[PDB]
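The structure tokens that follow cover one protein chain in two forms, given apart as structure 1 and structure 2.
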Structure 1
């Protein structure tokens, strides 16, 4: 009887902090995003009613969590093996790929940026063997990447961390592009507790 009413507010509390996380993520305020992430992670264990609306946002939160820590190779979300958080965002984007029922036309353009980021970040951290592994296992070998696909290995062979290709890559615009992509496939409905807090403090 009371289990649903707990599940009801649990969805509410979960969807409120998912909104504040994107809003903090959009403003490049990853400290509060990381704090809010831990709150949502603590809600994962709680009874959340099986609603497809929250499963979609949890996967979006999964991807953005791995991107925010994508420059920190001293941690791994898929801990069973050792996968850089950007390799982690690749598999999550592939789980977002199937469950969100997307045509690959809209997805593959974003999967370019993540696989590109997964290799470049490994280059800037001087783990050159790691970069080429992601480079062969995930990079497309299609024409659009063929210019950059050939560009990266040459740098990894030369250990040329000063190549413009590596230093023109800005991680901030990479995250923000991944945000509006993942966010465009969710609806901007205002969370119920945010509306209900607006009425009280007025």
Structure 2
């Protein structure tokens, strides 16, 4: 019945959450995107309403922004993915009940990546707005660098950045294996 479907929906969501984290960790972003679309479709169905599915959903949301943050005028999004990731991080802190101290480093990381990635994609205009808006020795360099100079520290790695954010997010998640994976292994 309804309760049965809801129970399975929760199982399914948690399994895919697990597999998406695995794909992201192994840098299989294509698989992460596909698995995330499945979870996106399942969210319309009734789930364990109150369940901690919400924490799981914020994480997926944060990872989605980061995964696309490296990429015409979009009438549907004023913010660049990473600027949006900043908002999500504030929601994770508030929802996971994290102290400002445990989140501070990640924040600054997302903020720096937000400006730098825009510079690398050659959009100093947006890099400027973001730089001015968010976030002092680095600021100067970036501003000066905003004068169109890439060979200056603008040589960071988005991969290294993504993986570091994933570890931050994982450090606040349970380590439990999804019931479906458990059954899959037992089915041999």
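In this text, rigid core is short for the largest set of C-alphas that superpose within 1.5 Å between two forms. Residue numbers count along the first chain shown, from 1.
Q: With a threshold of 2 Å on the C-alpha, tell me if residue 35 counts as moved between the two structures once the core is superposed.
A: Shift of 2 Å or more: no.
Q: Rigid core fitted, then: does residue 176 show a CA shift of 2 angstroms or greater between the two structures?
A: No, because once the rigid core is superposed, the C-alpha of residue 176 moves less than 2 Å between the two structures.
Q: After a rigid core superposition, would you say the CA of residue 165 moves by 2 angstroms or more between the two structures, or not?
A: Residue 165: C-alpha displaced by 2 Å or more between the two structures.
Q: Can you read me the CA shift for residue 155 between the two structures, rigid core superposed, in Å?
A: Its C-alpha position differs by 4.6 Å.
Q: Can you give me the Cα shift for residue 125 between the two structures? Core-superposed, in angstrom, one decimal please.
A: The shift comes out to 1.9 Å.
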